[PDB]
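A.B. asks: Below you'll find the sequence and an experimental structure to go with it.
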Amino acid sequence: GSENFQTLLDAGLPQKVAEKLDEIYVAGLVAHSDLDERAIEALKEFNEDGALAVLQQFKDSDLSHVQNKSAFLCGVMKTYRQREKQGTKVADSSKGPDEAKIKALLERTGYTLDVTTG
C-alpha cells in the first residue's frame, strides 16, 4: 500500500474507508498532496457510505490534466448525498439503473386442465 493509509484511521475515519482509498494512492491517480486542508475537512464528517461514494467516482474522474484534484473531490461529495438524505442540491449524476433480480423467491407448478402448464 502507501504511507497515507494510516493517517485516515487516525484523522477520524474508519478502516473500510481507507481500504478503498489506499488504492488511489498506488494507482498513480494522485500526487500524495493532490488535495488541500479544505478537502480534508469536508472528508472528516461523513457516514459509512459517504466517503465510499466520493472515492468511487474520483477513481473514474477526468483527472488527466486537472490542476486541482481538491476542487474535483469537493465537487462530487456535494451530489451523491442526493441518494443519502434531503441535505444537498439538485446536481446531475448517473448511477443506479433499472433492473432487480428475484434471488429470494420461488416458483410453483400445478398440472391441471385449468393451468397454462408445460
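C.D. replies: That came in fine, so what should we check first? Numbering: from 1, shown residues only.
A.B. asks: mind listing the helices for the protein?
C.D. replies: 5-11, 15-18, 24-27, 37-41, 48-58, 69-76 (DSSP state H).
A.B. asks: and the last one, what does it pack onto?
C.D. replies: With contacts defined as 3 or more CB pairs under 8 Å, 6 or more residues apart in numbering; DSSP states H and E, helix 69-76 has these neighbours: helix 37-41, helix 48-58. (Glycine included, C-beta is placed from N, CA and C.)
A.B. asks: Centre-most residue in this protein?
C.D. replies: residue 53 (1.8 Å; CA atoms, centre = their mean).
A.B. asks: ok, now how distant is it from residue 8?
C.D. replies: According to CB to CB, to the nearest Å, residue 53 stands 16 Å off from residue 8.
A.B. asks: winner for burial among the helices and strands packed on helix 69-76?
C.D. replies: helix 48-58 (a mean of 17; mean count of other CB atoms under 10 Å).
A.B. asks: So what touches that helix?
C.D. replies: 13-14, 16-17, 20-21, 24, 29, 43, 46, 69, 72-73, 76-77, 80-81, 84, 93 (CB atoms under 8 Å, 6 or more residues apart in numbering).
A.B. asks: of the residues you listed, buried ones?
C.D. replies: Taking 16 or more other CB atoms under 10 Å as the criterion, what is buried in these is 13, 17, 21, 24, 43, 46, 69, 72-73, 76-77, 80-81.
A.B. asks: could I get these as CSV with distance to residue 97?
C.D. replies: Below are those laid out as CSV (distance: CB to CB, whole Å):
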residue, distance to residue 97
13, 29
17, 25
21, 26
24, 25
43, 28
46, 25
69, 28
72, 24
73, 25
76, 19
77, 23
80, 16
81, 20
